[PDB]
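Below is one structure, written out as structure tokens; the observations come after it.
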Amino acid sequence: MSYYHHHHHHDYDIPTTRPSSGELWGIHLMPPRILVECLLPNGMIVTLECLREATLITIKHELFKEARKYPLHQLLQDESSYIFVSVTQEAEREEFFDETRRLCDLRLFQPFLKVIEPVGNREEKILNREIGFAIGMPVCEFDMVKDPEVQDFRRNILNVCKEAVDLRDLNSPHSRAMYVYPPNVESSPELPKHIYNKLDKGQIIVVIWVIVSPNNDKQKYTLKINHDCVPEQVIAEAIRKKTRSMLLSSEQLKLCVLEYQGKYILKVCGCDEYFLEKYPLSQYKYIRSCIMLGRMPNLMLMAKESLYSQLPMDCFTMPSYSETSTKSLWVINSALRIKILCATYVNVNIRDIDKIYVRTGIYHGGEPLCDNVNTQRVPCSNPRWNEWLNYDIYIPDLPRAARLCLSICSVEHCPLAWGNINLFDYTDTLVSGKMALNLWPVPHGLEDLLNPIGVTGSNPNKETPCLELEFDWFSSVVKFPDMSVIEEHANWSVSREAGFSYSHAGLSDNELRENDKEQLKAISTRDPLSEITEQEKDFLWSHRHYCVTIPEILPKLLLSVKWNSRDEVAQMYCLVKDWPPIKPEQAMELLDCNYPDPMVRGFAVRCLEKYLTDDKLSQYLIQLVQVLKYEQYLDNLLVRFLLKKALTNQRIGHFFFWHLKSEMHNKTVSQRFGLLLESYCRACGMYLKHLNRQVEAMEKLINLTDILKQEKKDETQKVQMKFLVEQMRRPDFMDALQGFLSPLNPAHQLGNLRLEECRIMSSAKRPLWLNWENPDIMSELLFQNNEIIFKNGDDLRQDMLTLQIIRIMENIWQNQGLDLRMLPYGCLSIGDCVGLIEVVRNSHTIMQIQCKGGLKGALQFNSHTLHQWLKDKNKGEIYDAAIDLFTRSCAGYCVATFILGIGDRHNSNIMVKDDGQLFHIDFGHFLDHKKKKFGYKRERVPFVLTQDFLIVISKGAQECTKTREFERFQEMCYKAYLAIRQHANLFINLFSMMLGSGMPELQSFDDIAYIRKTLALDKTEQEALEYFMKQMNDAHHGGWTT
Amino acid sequence: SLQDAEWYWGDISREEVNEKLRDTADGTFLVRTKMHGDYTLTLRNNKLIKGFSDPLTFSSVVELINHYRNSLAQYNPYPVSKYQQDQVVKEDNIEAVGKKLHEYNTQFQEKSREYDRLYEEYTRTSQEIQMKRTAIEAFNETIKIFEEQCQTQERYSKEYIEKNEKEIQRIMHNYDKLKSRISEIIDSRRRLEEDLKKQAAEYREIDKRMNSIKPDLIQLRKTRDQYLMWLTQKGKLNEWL
Ligand SMILES: CCCC(=O)OC[C@H](COP(=O)(O)O[C@@H]1[C@H](O)[C@H](O)[C@@H](OP(=O)(O)O)[C@H](OP(=O)(O)O)[C@H]1O)OC(=O)CCC
Ligand SMILES: CCCC(=O)OC[C@H](COP(=O)(O)O[C@@H]1[C@H](O)[C@H](O)[C@@H](OP(=O)(O)O)[C@H](OP(=O)(O)O)[C@H]1O)OC(=O)CCC
């Protein structure tokens, strides 16, 4: 299970036993001999002929033997007394302290170096060139940031950093060991019935290995223990097997198990996973894999000191960058004026289009006023308006999270570029004065007029359409009301609402609510996409005080406030205050784009703060990371919660770094997500050094495929390969691609590369199939070798989200009792269309299965050869055994598949493993995003079981539509579709948080809306079952009832 | 009157409705479990209303509609359903209307293909432009360094030439290897710039033909959901797509 390439041992019974930034500007990968101009401190260039791969140690060394031959020598002193400097790619003069870097690894721009003595004495604080290399933009580029919000985020966040660095060093060394090597642990300790059941009433055989002296010598101790006994107990009874001699009294045996006992801790054989705290043994994901797969766990007895040896200190430093009370917003006595002045740089065919006019609105997720335009005046050629816009909404009634949203349009109506501006700045001031906003180009999806789903801020581009605005002036700067000055408003409203007698819509001591209006626990239960009616909104608003009882109703209630009504909003604040904390699977909608208010989102965090575990968090990390775009300012409560988690658990730290860095190139977030990374990298301790090295390889790997794809394709694989190899022999590469942690799962060390096992795959996109040796001493016992694929040219983000949506479905079913076995192989987007794809060993494409066997005269596929091939690889009950898996997984990758409406499952994106497990690869585009052109209704069946697959499901005989094994199946599918249907909210909420991404199959809630048809949410389960069966019955051309 | 009703699109659940409400403006109306109730009005962002309240003098589904097609200011703080008669070029074949569908649908497909070709070139060109902006400055920095150098060359040179004869020569030499090289680099930074502003140009020619070929890709789009709709009002629609 990423542990064993998901490989079931079937006989095993437990009972019966910057881009284009090659090495040099333009160049790519730099030529093998290269001349370097070395500018001296005596003002003389001397040109060294240097090998591509030489270290600045050899170069410094050669240069000062060679100046010896140019005029003015005595005017220089010993090398020892100088450092190399040059202009890098990112155009910043880098001092080169590490003098062991290679001439090819520096990213130089032009091939020249300069000699200086290094002033800046804190040679220490300039190790943070690291921090810059780790993020791919250089820290000093932040000290160049004028804007005061960013420069404030940089200082304020340091709180969190010292919090983490503190909360770690708490019970050193154990607490720092708990930091680096956090127990990998399933969520329920309660096992599920079908798993417990492979255990002869709950007992695992486990093999503990031990190291005494050489020690290239080993010792097995096969314990058989209660399934739920904490690592300590296991180490206890382990050392018991070890010692018991004929010369040891029983009493003095027990004594020795007391002393020795806890000087050791349990490590997983073959990777850097340790079992460092109490958990029932079956809770660690490893054991519970090993059980699932018919495996004997192998643990290794670890000297606890020898571990505390392997980590040393992270050693934090606080970094180098270490008008009165204003006027209450609620005093401003007028509507909102907004003046659109001119616009600069629209590019259109003056003949091809009628006119253009600026379209604006004020929004809060969905607007609070009568949206408005502005006369179609000066079209096209140099376009000015001087209009003020009269928005009907009083200024005291603007929400905190309220926002101007504009766009330039063409008439015939059509949007050209859009922009959204935050009507309040972070310190709480109501925007005034000039703003030159900088618009975004309208995307794929949206063929609407405005864009409130979009991001708030100016697009950074000298060459985009700049539109220039003026917000009203109020002779004092204006701040949004104090958190108290609102709780005084509520109390008023409430004492006011208690003294009327006519009734209207908000037709609200003791209220008449009795029973019948238990339509409230009804609304409650409906999913998010499913809209709230007018009445329902008023209805809810009118029983707001009741809702507290059904607290998970909030996500609706909120939508029911009129957000342009301080009275309503001022009260909705006081409820949020003492609203019951709620379960994460539903506090997480509160962070999607429909809830932009700070108090709301603050609560959503307080909820997480409370419930979400360190494991549920790594399960939903993307959703969390991604959702950040919808936070209004830089320093917000979510950012702060996440960061603290990142710095407390280095395995969340890992995937927090990458997820952020993946989008590093994406203009909408580059700013936000750089600063946050500068934060992580400064406080995560030693790990930063480990990340530099992953980062160091992924670059060499980018710049290698980048040469293969451009000028180098057209030559036969054979030629291309004997280049790829030529190139990884390079010293600089062997070095950079060999001693690091797998970015796919950092517990997996990558040792020496093994080239004969490396190769370019067949795909157009030239993937690199790479293979590393496991340099664990117990390599053997897990996987001696270790391979991953590196693909450059596919937005992986999608494959990644599906694979995350498969992993969730699985846990759901299983972690409930219901055993379908999906194999969501691992996948990591590490850049702009550059990702790592995990390799399932022993899989095959249906195509090959059919191609490995089946007659001579190549005259047409034998529909039985899948079965056959399996029935070769598995004789025995090892047969009955492999079919159950094939049946159990086939049913899974079917429901999931129908639900997420992924790409067609034609005959070579379905794979079969030797133990009989089938799974998908290459999910095209999910959510049937090929109804973009047509797809009206369809609700297509992507996986459709041909005769082929059916034969295998019904062990053999003809007429498979009608056996029992088939019913068994069917009855699996029903159970599995209905199970997902019970959790739909989570699944919508999941895709909802994704809208934030640049993924073009996720543009707007209507994109998500598919799921709500697939899952038949508008109906009763009873009906859904039938809709589902029918749907199967139909692509399957009949026979799917009784 | 209720079946025909013009805006009573029938069974069309929440999603057929919303994807027939996307892109019409204000004024737009149209009517749609029984643990919930009966029919829904869906105006326009989307406003669902379930008489609506106590003053139900009914008298019909339709007697309700023409007082609020005459409105809804007075209970809470435009048919757009026009029976696909308008255009759909009155081609009354059930099949000429159908094959036509395909004819605009390949055309829509054709444009999305030229469109996305363009969306990506822009995004590429943007990034080549910025990469050309911090090159232009990686050049400017390079020269700053060389200037700084070749001056410190003269600071120390005209300070060791109180001299005797050899040296004199072979100092001026490398000093003059240096100032040609300064020119040589400068040769490069105008050149890059001339390609920069060459690209800065053709960048516009993309935003031009994007916002030139967006008008189409909504109209051509629109009339399709117009034609496509006259089929499902009377009549498998897979083949023409
Ligand atoms: C006879 C020589 C044989 C040979 O092996 O030659 C191999 C290498 C040179 O590498 P290349 O891949 O041929 O060069 C790239 C392509 O030709 C591409 O067409 C071009 O585009 P454009 O210039 O048209 O834009 C690239 O420009 P940039 O944008 O990267 O500057 C260019 O760099 O020299 C050596 O390493 C050994 C010689 C010391
Ligand atoms: C810059 C030019 C873009 C381009 O044309 O590039 C051609 C290829 C790279 O593949 P792609 O186009 O990026 O990818 C396309 C999608 O996978 C799509 O799903 C599929 O449609 P379907 O038939 O599966 O539904 C397309 O089929 P055709 O488009 O081949 O018919 C497929 O090509 O490079 C080469 O090797 C060129 C060799 C001449």
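By convention here, the chains of the structure tokens are called A, B, ... in the order presented, each chain's residues are numbered starting at 1, and ligands are numbered starting at 1 in the order presented.
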
### Query
Any idea which chain B residues end up within 8 Å of chain A if we count only C-alpha atoms, as a VMD selection string please?
chain B and resid 14 to 15 19 22 to 23 33 45 47 to 50 75 to 76 105 108 to 109 116 131 134 to 135 137 to 138 141 to 142 149 to 154 156 167 170 to 171 174 to 175 178 200 204 to 205 207 to 209 211 to 212 214 to 215 218 241

#### Entry: Contacts of ligand 2, 10 Å or closer, only C-alpha atoms and all ligand atoms, given as a ChimeraX atom specification
/A:713-714,763-765,793-794,903-904,924-925,930 /B:117

Please, could you write that set of residues out with N, CA, C and O atoms as a short mmCIF file (atom, residue, chain, number, x, y, z; two decimals), in the first residue's frame?
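Result file selection_38.cif:
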data_model
loop_
_atom_site.label_atom_id
_atom_site.label_comp_id
_atom_site.auth_asym_id
_atom_site.auth_seq_id
_atom_site.Cartn_x
_atom_site.Cartn_y
_atom_site.Cartn_z
N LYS A 713 13.34 15.88 -29.94
CA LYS A 713 12.36 14.94 -30.47
C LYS A 713 12.47 15.03 -31.99
O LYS A 713 12.91 16.07 -32.53
N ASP A 714 12.10 13.93 -32.65
CA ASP A 714 12.37 13.68 -34.06
C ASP A 714 13.46 12.64 -34.23
O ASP A 714 13.57 12.05 -35.32
N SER A 763 5.11 7.94 -24.22
CA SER A 763 4.15 9.03 -24.34
C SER A 763 4.76 10.21 -25.01
O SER A 763 5.95 10.44 -24.87
N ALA A 764 3.94 10.95 -25.74
CA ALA A 764 4.42 12.10 -26.49
C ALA A 764 5.14 13.07 -25.56
O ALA A 764 6.13 13.71 -25.91
N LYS A 765 4.64 13.14 -24.34
CA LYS A 765 5.05 14.16 -23.45
C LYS A 765 6.41 13.84 -22.86
O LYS A 765 6.83 14.49 -21.91
N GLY A 793 4.42 18.23 -18.68
CA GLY A 793 3.55 18.71 -19.72
C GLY A 793 2.10 18.36 -19.53
O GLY A 793 1.34 18.40 -20.48
N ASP A 794 1.72 18.02 -18.32
CA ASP A 794 0.33 17.72 -18.01
C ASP A 794 -0.08 18.41 -16.74
O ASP A 794 0.54 18.17 -15.70
N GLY A 903 -13.19 10.53 -17.63
CA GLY A 903 -13.07 10.32 -19.07
C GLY A 903 -13.44 8.90 -19.42
O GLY A 903 -13.48 8.04 -18.53
N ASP A 904 -13.70 8.64 -20.71
CA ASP A 904 -13.99 7.30 -21.18
C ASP A 904 -12.92 6.28 -20.77
O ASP A 904 -11.71 6.57 -20.77
N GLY A 924 -8.56 11.42 -17.89
CA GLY A 924 -8.86 12.59 -18.71
C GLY A 924 -9.31 13.74 -17.82
O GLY A 924 -8.59 14.14 -16.89
N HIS A 925 -10.50 14.25 -18.11
CA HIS A 925 -11.08 15.37 -17.36
C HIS A 925 -12.31 14.92 -16.64
O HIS A 925 -13.24 14.41 -17.27
N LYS A 930 -16.67 17.44 -20.92
CA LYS A 930 -16.68 17.41 -22.37
C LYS A 930 -18.14 17.52 -22.87
O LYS A 930 -18.46 17.31 -24.07
N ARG B 117 -6.33 27.80 -28.34
CA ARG B 117 -5.02 28.01 -29.01
C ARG B 117 -4.50 29.36 -28.57
O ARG B 117 -3.34 29.50 -28.23
#

Sort by chain and increasing residue number a table of all residues of chain A within 8 Å of ligand 1, each with its closest pair of atoms and their distance in Å to one decimal, counting only C-alpha atoms and all ligand atoms, and write it as CSV.
residue,atom,partner,partner_atom_place_in_ligand_line,distance
A:25,CA,ligand 1,31 (O),7.6
A:26,CA,ligand 1,30 (O),4.1
A:27,CA,ligand 1,30 (O),4.1
A:28,CA,ligand 1,30 (O),6.1
A:30,CA,ligand 1,36 (O),6.5
A:31,CA,ligand 1,36 (O),3.8
A:32,CA,ligand 1,36 (O),6.5
A:33,CA,ligand 1,39 (C),7.0
A:34,CA,ligand 1,39 (C),7.8
A:707,CA,ligand 1,12 (O),7.5
A:711,CA,ligand 1,12 (O),6.1
A:712,CA,ligand 1,12 (O),7.9

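Of note, atom CA of residue A:152 and atom CA of residue A:483 are spaced 21.9 Å apart.
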
### Task
Skip stretch 748-759 of chain A itself and residues of its chain fewer than 4 positions away, then list as a count of residues only all residues within 6 Å of it, counting only C-alpha atoms.
14

### Residues near residue A:330, cut-off 8 Å, only C-alpha atoms, skip fewer than 6 positions along chain, as a count of residues only
5

### Message
Neighbouring residues of residue A:554 were defined as those with any atom within 9 Å, considering only C-alpha atoms; residues of the same chain fewer than 4 positions away were excluded. Please report them as a ChimeraX atom specification.
### Response
/A:524,547-548,550,558-559,576,579

Dump of C-alpha atoms for the selected residues, as a PDB file, in the first residue's frame:
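Writing the result to result07.pdb gives the following:
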ATOM      1  CA  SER A 524     -30.608  21.568   7.283  1.00  0.00           C
ATOM      2  CA  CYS A 547     -31.229  27.149  14.642  1.00  0.00           C
ATOM      3  CA  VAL A 548     -28.613  27.068  17.426  1.00  0.00           C
ATOM      4  CA  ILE A 550     -29.703  22.339  14.900  1.00  0.00           C
ATOM      5  CA  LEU A 558     -25.784  32.745   6.729  1.00  0.00           C
ATOM      6  CA  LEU A 559     -26.943  32.724   3.168  1.00  0.00           C
ATOM      7  CA  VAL A 576     -21.642  33.185  15.368  1.00  0.00           C
ATOM      8  CA  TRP A 579     -22.620  29.066  17.921  1.00  0.00           C
TER       9      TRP A 579
END

### Query
B:73, B:63, B:51, B:25: which is nearest residue B:1, counting only C-alpha atoms?
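Nearest to residue B:1: B:63.
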